[PDB]
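The data below hold one chain only, encoded as structure tokens and taken in the form deposited in one PDB entry.
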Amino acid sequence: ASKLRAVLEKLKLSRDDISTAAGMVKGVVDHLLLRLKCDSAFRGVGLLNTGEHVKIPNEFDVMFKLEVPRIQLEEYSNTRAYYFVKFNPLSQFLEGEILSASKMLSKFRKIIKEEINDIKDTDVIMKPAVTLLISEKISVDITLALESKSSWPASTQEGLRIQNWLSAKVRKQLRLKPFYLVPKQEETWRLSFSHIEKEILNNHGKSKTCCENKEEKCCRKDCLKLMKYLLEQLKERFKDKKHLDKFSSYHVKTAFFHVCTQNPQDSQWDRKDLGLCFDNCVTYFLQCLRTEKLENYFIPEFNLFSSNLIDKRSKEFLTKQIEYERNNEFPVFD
């Protein structure tokens, strides 16, 4: 309780520094926004949202969207999340009727690499996305996404189980918004709902006025922040072995969404209960590791904790560490 509020207070001390690390990212991103818009295949390129951190802070995430009419999806080998694209200026990227991720992605690179070599002032360099490093500290991941305005694919029909939490009316309204395809067969694309993830986090209560007044302060955002921070701290400490580096804040974010579904009432996230809500988040994540199952929140048959993605040994390792931390009141938080 008191230890975790001290952690949150420390994290806030870093906020008047993102304000200068994110401001520098953004100006490099609008500079590419223009050059892409000058290429004939990336003319309807824009930004998705305003406008994410995997490290919470030197990793920054920006997604470039791109409207593509006449979309058509073919599910790669009933993997639920991976698709080929079929149907214009994008005809240069197709290999036999289907849209080639690797071709479209590889010209994305050339155009950006052509540009970071022309910003002579700031020392930006290049190193599922393209990673830039602005002036030796803060990097950014730039992801290209295709936008489709059609109904969501069949593998999402049982996902986004927010009915008992955010209501069926909101689930209806969210599923009319577009969805996105990100390049990972190497010509396959992966569903992305980053835009929905952000909206659910910022409009996160059963009560429409959750966190808009002093009588309704939940600790939902503070639990996700602690969870992401727990993982970051553990990865730093276990860097002599580096067998935690398959895990990412997106696993924590997904697990936190499942816990929101389990604890749908704002009274289960009362700020006074920070210690117990955080514990709820950690034990669920723990169960995900021990069962080797972490369902993508939108695609239930897509297991992020598969053996394909993360081997058994790494999950066993993180289990033993999180288990020890939870049974000892998180000494990793000092």
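Counting begins at 1, following the sequence as shown. Rigid core (definition): largest C-alpha set, two forms, superposition within 1.5 Å.
Take 301 to 309 and 270 to 278, fit the other structures onto the shown form by the rigid core, and average the C-alpha distances in 5 other deposited structures of this protein: the farther stretch is 301 to 309. Once the structures in 5 other deposited structures of this protein are superposed via the core, the pair 57 to 65 and 31 to 39 is resolved in favour of 57 to 65 as the more displaced stretch (C-alpha RMS).
Of the other structures of this protein that model both sides of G44, every one gives it coordinates; not a third omit it. Coordinates are given for every residue of the deposited sequence from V29 through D30, so that no gap is recorded there. Coordinates are lacking for 4 to 9 deposited residues between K127 and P128. Just going by the entry, 112 to 120 versus 200 to 208 on mean CA temperature factor gives the higher value to 112 to 120. Taking the mean C-alpha B-factor of each stretch as recorded, 149 to 157 and 226 to 234 are not equal, and the higher mean is that of 149 to 157. Ranking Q173, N263, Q92, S194 by the C-alpha B-factor listed in the PDB entry places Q92 at the top. Looking at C219, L166, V182, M104, the one whose CA carries the top B-factor in the deposited record is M104. For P69, the recorded CA B-factor ranks within the highest third of the chain. Only modelled residues enter the ranking. Looking at the C-alpha B-factors along this chain, the one for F87 belongs to the highest third. Sort the modelled residues of the chain by CA B factor and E186 lands in the highest third.
Among all modelled residues in its chain, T143 ranks in the middle third by Cα B-factor. In the PDB entry, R80 places in the middle third of its chain by CA B-factor.
Below, we refer to the form deposited with a small molecule bound, which is not included among the displayed structures.
Using a 4.5 angstroms limit between non-hydrogen atoms, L94 is distant from the small molecule in the bound PDB entry.
Residue contact check for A81: one or more of its heavy atoms lie within 4.5 Å of the small molecule in the bound PDB entry. Proximity of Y284 to the small molecule in the bound PDB entry: non-hydrogen atoms within 4.5 Å are absent; the residue sits far from the partner. In the bound PDB entry, no heavy atom of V28 sits within 4.5 Å of the small molecule.
Proximity to the small molecule in the bound PDB entry, taken as heavy atoms within 4.5 Å, picks out 289 to 297 from the listed stretches 289 to 297, 66 to 74, 262 to 270, 35 to 43. Checked against the small molecule in the bound PDB entry, the residues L146, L191, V124, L99 give one hit for a heavy atom within 4.5 Å, which is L191. Proximity to the small molecule in the bound PDB entry, defined as a heavy atom within 4.5 Å, holds among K253, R175, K225, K103 only for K253.
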